[PDB]
Structures are given as structure tokens and as C-alpha cells.
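# Architecture at a glance
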Amino acid sequence: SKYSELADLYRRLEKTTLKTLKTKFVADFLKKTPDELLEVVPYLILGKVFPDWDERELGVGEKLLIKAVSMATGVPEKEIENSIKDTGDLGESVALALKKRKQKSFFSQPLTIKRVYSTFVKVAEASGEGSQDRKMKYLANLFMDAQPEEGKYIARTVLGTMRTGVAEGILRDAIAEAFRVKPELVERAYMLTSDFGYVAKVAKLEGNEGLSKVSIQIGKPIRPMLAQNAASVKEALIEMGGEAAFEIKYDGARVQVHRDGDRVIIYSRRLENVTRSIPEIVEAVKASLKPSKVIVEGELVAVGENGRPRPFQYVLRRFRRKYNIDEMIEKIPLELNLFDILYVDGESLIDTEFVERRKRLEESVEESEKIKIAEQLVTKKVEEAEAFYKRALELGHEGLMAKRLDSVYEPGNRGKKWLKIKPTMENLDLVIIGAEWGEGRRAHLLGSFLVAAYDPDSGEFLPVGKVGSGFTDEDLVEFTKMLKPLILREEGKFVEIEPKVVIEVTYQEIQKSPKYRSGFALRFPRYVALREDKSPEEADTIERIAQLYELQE
Ligand SMILES: [Mg+2]
């Protein structure tokens, strides 16, 4: 049926600030959809054409879209750039220009969604030397048959500029409402597939039952399973109840590999299709993989000349090459460490407990130069895992993964079933404005230290946290000796100190708290090293702290 109804929806939607109603509307319109468009419609509703993991994209920029418009309109891109200069919105100018051709032009036909989809397919798929004109052809070709309403919408769709107000979750809720299926089941099904169209049609026809009967389509990418942080290895081992599987958390890029026959696709963490970027790896994988139908999860890493992993954004640039190429393979070598296998030969393993999953992984993989199986420690002993922690860290990766041996794969979910153990990275250098005496046998020494950061605006030294941890007894002695001259005042066990001494400190977290005049408060800070090479003015600054806190989410 007609793209009229689509424009109507986009209208209703724009009018309301109310998400529940946006749901109602999308929902209601879904119920009106014939099965042919059921796979097309949702993406249209999101103001897109294809899934984020589709390699197809229509190539059309604004100035390019300016042309396709003009030859429908008669209006030059001179007066169009003028026409859009008053309004502020592209599609807004495109909108009204059609009205001046609405006293004018020609010919033919309603615009129905079927047609528009078709045209978009043709536009994106078109390639090579004869490309961008054949685009603007098809587009103007569309435009002649367009109501000025429809124009604006088809236009912001093309540019990706839509502003429906409707995200993933509204659409999920909508599908649930429309077809009276179960929100948990829709969530599950989109977590496996990532195709909204497939999910829509299956809801409409095969209902709650078939949604539950939705398993992994090969080539349709799975929401990666996620992990909460732990504080520490013991925390983790005991949270998994004394025994657990341990792995490295690499500095690398999580990828997902789909092998069917010779057809091999590699999805990124964000589900970009990166397959073209890294062909070597593709060959490598085909070779390294025993079964003909598999899906495997792995962290792709950039090696560098000492064999130590490069920061993973190198992997990200490798993805970002659209162009001249085997240059990049020699420039940055990569390697692939596989930690999971969700699929073999018709067998969905997502519902299969972790250990057998690892079993299948070891079974299907023939290790190669480029393709490794991630090393795994299965242990009830802390000190082992802590040693693996220290070794991962040593080697220059991010930390340790802990994963429950009973664990099924929980796509998209952030569970306690996988956990991730890291240090915080950047340490702070702070000045000691204060301290507190020990008790008992430490009573003659200062056991707790008060740290502050510079504010070069102020000149005032602002407290950040109190650090009691990370000192040897001789550390406390040495520190007592040095802080002895500098003590400016005393009450209780508290002292007040001259801002001389700067120490390097690690913390678990930065919190915002009124308790210090800096406004921030270091959570579980710890002593790393001492700086006699620095000045109190040269110590890290509150601005740096606020920056880090804001980067903490
Ligand atoms: Mg990462």
C-alpha cells in the first residue's frame, strides 16, 4: 500500500512528545501492514532502509541529492541552497519546492512503499563508473510521483536525517503491542537475529510460539553477550561459587565470524560488516575452521614488532580502510583469538552450557599463524588466576575475563555469568595536605594520607581522597620522616601539612562527593609510587579530575 500512510505516521509521531503514544501509533500502523512489507516496514519506520549490518548503503550526499531534486523541480541548486537557507532544514525546502511543481509537471502514479523500497535497493546496489548519475536518475524518477509531504520524508530517509523519534525500544514495544506477542520473546528474537523485519513477520504470523522457536540464522549477527566488572579475582571466583573458567581480556577488537561453505562474513562489536577490511583473516579462518557451518566469537588483535599487542584502535583503522589495501596488511599484522562458538552445522549452541561450548571450540579449530584459540584457565584456586591476571597485565592486555562454566550464551545481556577484571588505568599524582596517625604499634607513624589536586585558577590545594593502602612499614617510616618538618597544625589524630610532597595514586573509582571542596572523592585509592621529581603546582589538576569523571561514562 501507499507511502501516504507512512507519511501520516511520521506526522502523528512528530506531533506527540509521548513515547507511549508513539508506541501506540507505530503499533496500530503495523497491524495494518500486509505481509509483503512486514520485512521492509520497520526499517522504514526507523528512517533507515537496511540493517546496520547490511553492506548496502545508498551513496547519496546533499549536493548530489540537490541534483535529483532539481530535475524533478526545475529549481536550480542555486535557488535550492537559497530555498533551504530560510528554513534551516533540507527536507523542509525540498518539501515546498514540490508544490511549485504541483502547479506544473506531469505524468504519473501514487508512491507506494513497494516502489520506494525497490528504488532504494536499485540506488544502493548501483556501482562503478556509471554510478552517481544513475542514482540521481532513479531518485528524480521517484520524485516526480511524490506528494510534497512524502518528498521530505523520502529525503531525510535518504540522507539518514529522519528524526522519527522512534528508536529500537519503541519499535520493539510496538511489535509486542501490535501482534500481542511477548516483549521478552521479541527481545530474545532481536537479540539473536538483529533483523527487525524478520521479527515483525514472525510475530504477526507465527506468533508467540514461533518467536520462541526463533534460533540463529547464519549471516544474521548475534548481540554479543556482555560482562559486568569485578573488583578482583577472589571476588569473581567466589561470585561464580569457588570454581570458574578464566581467560584473557585482550586489548583487541571483539568480532563475530560466520562461516557457511566459502561464504564468510565477519561482524564487528558494533555489528559493522568488516569482512572486506581484513581478507587475510578471512582466508585464514576458512583454513582454520574444520566444520563447514560455524559461527565463532573472537578478539582480533594488532600485533607489533616485539610481539606485544598494539592498542586495539589499530584494529579499528584496519576496519576503516575502504581502499588500497594489502599495504595495510603489511603495515598492521593481526591475529585472531577465538573464545566462543555459538553455532555448528545446524546445532545452535547458544543454549548449551559453557564447558561443552569450549569443547566444541577446541574441536572445530585447527590453530594456524593468524588463528588461535584463546588460552583458558579452569581453576578453584585464587593464586593461580591472580597469576594469570598478573600475566595478562604483564603482556600488555586489559585484564582477566571470568566466565561461569555452567553458563549458556546470553546475547546482549550484561550478566554476573561473565565478569571482567581490570585496573583503572590512569593514575593521579596528588599533594599531601594532611594525614592521620596509626593506632596500636603504628601509632608513632602516620598511617593514612590526605591527597589534593591543583587548581591553577585558585592556587588553593583541593582535597580529593584519603589513602591508607599500599604502604610498607618502612614506607610509612620514610614518609613520616619526610612529612615531619612540614606539619603546620594539629588536632585529634589529624594533622595539617605543607603542600610539598606529590605521590602517584591509583583508585578504583572517582565519585562525586560534597565531603571535599574539590567536589570529587577518590574511591578505594591506593599508593603506587612517590614523586620527588615533581612540584605541588605540577601535580594533577581538578580539571583533569572532572574530565576523567566525565570520561567515566
Ligand atoms: Mg575494547
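Residues numbered from 1 in each chain as written, not as in the entry; some residues may be left out. Heavy atoms only, no water. Residues with missing side-chain atoms left out of burial classes, pairs and counts.

By the method listed in its record, X-ray crystallography, this PDB entry was determined to a resolution of 3.018 Å.

### Details of the overall build of the protein chain
When you go through the protein chain residue by residue, the secondary structure sums to 21 helices and 21 strands. Structurally, the protein chain occupies a C-alpha span of about 95 × 60 × 50 Å along its principal axes. Considering only intrachain contacts with a sequence separation of at least 6, the fraction spanning at least 24 residues in the protein chain is 70%. (Helix = DSSP H or I, 4+ residues; strand = E, 2+ residues; numbered from the N terminus. Contact = heavy atoms within 4.5 Å.)

### Some details on the pattern of salt bridges
Between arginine 391 and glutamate 394 there is a salt bridge whose closest N-O contact spans 3.8 Å. With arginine 391 and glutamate 394 both in helix α19 (residues 382–395) and three residues apart, the pair spans about one turn of that helix. Close ionic contact of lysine 422 with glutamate 398 constitutes a salt bridge, the shortest N to O distance being 3.6 Å. Highlighted residues: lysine 422 in the loop between β12 (414–421) and β13 (428–437) and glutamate 398 in the loop between α19 and β11 (399–403), separated in sequence by 24 residues. One salt-bridge network, in which partners are shared between bridges, spans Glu247, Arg358, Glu362 and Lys403. (Salt bridge = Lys/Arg side-chain N within 4 Å of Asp/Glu carboxyl O.)

### Here we look at the pairing of strand β16 (residues 487–491)
Where β16 lies against strand β17 (residues 494–497), four bridges are found, and the strand directions are antiparallel. Residue pairing in the sheet places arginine 489 in a bridge with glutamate 496 of β17. The turn joining β16 and β17, which pair antiparallel and follow one another in sequence, is formed by two residues; a positive phi near 60° is taken by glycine 492. (Pairing = 2+ DSSP bridges.)

### Considerations on the packing of helix α1 (residues 3–15) against helix α9 (residues 148–159)
Packing of α1 against α9 brings their axes to within 10 Å, and their N-to-C directions diverge by 80°. Judged on the interaxial angle alone, α9 and α1 are roughly perpendicular. Of the residues in α9, those in contact with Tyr3, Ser4, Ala7, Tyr10, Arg11 and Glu14 of α1 are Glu150, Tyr153, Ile154 and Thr157. (Axes fitted to C-alpha atoms, helices over the stretch in contact; angles between N-to-C directions. Parallel < 35°, antiparallel > 145°, perpendicular 65-115°, else oblique.)

### Topic: the packing of helix α6 (residues 90–100) against α9
α9 packs onto α6 with a crossing angle of 145° between their chain directions and a minimal axis gap of 8 Å. Seen along the crossing, α6 lies across α9 with a hand that is right-handed. Facing α6, whose interface residues are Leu90, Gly91, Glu92, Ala95, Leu98 and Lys99, α9 presents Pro148, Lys152 and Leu159. (Left-handed = near helix turned anticlockwise from the far one by under 90°.)

### With respect to the environment of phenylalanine 120
With respect to the helices and strands, the residue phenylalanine 120 is situated in helix α7 (residues 113–125). Placed 85 residues apart in sequence, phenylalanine 120 and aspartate 35 show a C-alpha to C-alpha distance of 19 Å. Beyond its immediate stretch of four places on either side in the chain, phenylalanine 120 contacts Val49, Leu58, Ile154 and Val158.

### Description of the domain arrangement of the protein chain
What the domain assignment lists for the protein chain is domain 1 (1–220), domain 2 (221–422) and domain 3 (423–553). One C-alpha centre belongs to domain 1, the other to domain 2; they are set 36 Å apart. Taken together, the contact pairs twelve residues of domain 1 with 19 residues of domain 2. A breakdown of the residues in the side of domain 1 that touches domain 2 according to their chemical character gives six nonpolar, three polar and three charged. (Domains from an automatic or database assignment. Nonpolar A, V, L, I, M, F, W, Y, C, P; charged D, E, K, R; others polar.)

### Considerations on the UniProt feature "active site" (unreviewed entry) in the protein chain
The positions that UniProt labels "active site" (unreviewed entry) are, in the present scheme, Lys249. When neighbours within four sequence positions are excluded, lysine 249 is seen to be in contact with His397, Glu398, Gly399, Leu400, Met401 and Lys420. Of the polar contacts made by the side chain of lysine 249, one reaches the side chain of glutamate 398; its length is 2.5 Å. (UniProt positions renumbered as here; feature names shortened; annotations may be inferred. Polar contact = N/O pair within 3.5 Å; in protein donor to acceptor, adjacent residues only side chain to side chain.)

### Quick notes on the packing of aromatic side chains
Between two aromatic rings, the relevant description is the distance of the centres plus the angle of the planes. Ring geometry for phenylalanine 471 against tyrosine 527: centres 4.5 Å apart, planes inclined by 20°, an arrangement best described as stacked. With a gap of 56 residues between them, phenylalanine 471 in the loop between β15 (461–467) and α20 (473–483) and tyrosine 527 in strand β21 (residues 526–531) connect regions that are remote in the sequence. An aromatic cluster is present here, built from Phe449, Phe471, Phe479 and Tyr527 joined pairwise through their rings. In this arrangement the basic side chain of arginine 310 is found over the ring face of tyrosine 314, its NZ or CZ atom lying 3.7 Å from the centre. The residue whose ring lies beneath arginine 523 is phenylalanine 524, and the NZ or CZ to ring-centre distance is 4.9 Å. (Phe/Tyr/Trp six-rings, centres within 6.5 Å; stacked < 30°, edge-to-face > 60°. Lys NZ or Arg CZ within 6 Å of the ring centre and 35° of its normal.)

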